[PDB]
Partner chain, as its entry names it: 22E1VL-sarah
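Single chain ahead, written as structure tokens, the form solved without its partner chain.
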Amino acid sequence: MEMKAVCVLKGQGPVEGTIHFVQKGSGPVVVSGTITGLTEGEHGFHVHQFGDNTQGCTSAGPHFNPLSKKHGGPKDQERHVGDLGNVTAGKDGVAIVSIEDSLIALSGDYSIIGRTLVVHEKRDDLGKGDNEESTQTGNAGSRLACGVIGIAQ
């Protein structure tokens, strides 16, 4: 039943974070954590495909997308498995991460264990933007920090 994971976000910039995941059986994945050093406002937050850090955050590849879907927010039927939407930083440069997601898992085909969590320079437009980029990355821009999602005690 009860699975736990951890991710240590690190980057070249001053963005740092610790994210925790817990899933009780078939229950949803509850994500809890903080990110620091952010500019005030919304920042895209996704699970990328590869847990590969040979090229900082570049080697993480694209949004985890085992179904061949277009980019969305967490609530839209049309979304990447990895689409966790946005986290909001305050004027202190800190976001509280508090997400409940049924599509991600810590086991089975949708498991995010050994994939890369990424927080982005800019707001994820949740795939509602006009241009092509919205259907792909939600125009969240740069990868500020990432880590491999690890199994936790």
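Positions refer to the first chain, counted from 1.
> Read off the CA B-factors in the entry, average them over 24-32 and over 47-55, and name the higher stretch.
Going by the record's values, the stretch with the higher mean is 24-32.
> Quick check on the record: does 56-64 or 111-119 carry the larger mean Cα temperature factor?
Between 56-64 and 111-119, it is 56-64 that shows the higher mean C-alpha B-factor.
> Tell me, lowest, middle or highest third: where does the Cα B factor of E100 rank within its chain?
Highest third.
> Against its chain's modelled residues, does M3's Cα B factor rank lowest, middle or highest third?
Middle third, going by the recorded CA B-factors of the chain.
> Is the Cα B-factor recorded for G127 in the lowest, middle or highest third of its chain?
According to the entry, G127 has a C-alpha B-factor in the chain's highest third.
> Tell me, lowest, middle or highest third: where does the Cα B factor of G17 rank within its chain?
Bottom third by C-alpha B-factor.
Not on display, but discussed next: the form solved in complex with its partner chain.
> Any of the heavy atoms of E16 lying within 4.5 Å of its partner chain in the entry with it bound?
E16 belongs to the contact set for its partner chain.
> So, in the entry with it bound, is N131 in contact with its partner chain at a 4.5 angstroms heavy atom limit?
No, no contact at 4.5 Å.
> Taking any heavy atom pair closer than or equal to 4.5 Å as contact, tell me whether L38 reaches its partner chain in the entry with it bound.
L38: yes, in contact with its partner chain in the entry with it bound.
> Against its partner chain in the entry with it bound, would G93 count as a contact residue? Criterion: heavy atoms within 4.5 Å.
The answer is yes: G93 has a heavy atom within 4.5 Å of its partner chain.
> In the entry with it bound, which of the stretches 30-38, 80-88, 65-73, 96-104 has residues with heavy atoms within 4.5 Å of its partner chain?
Every other range fails; the passing one is 30-38.
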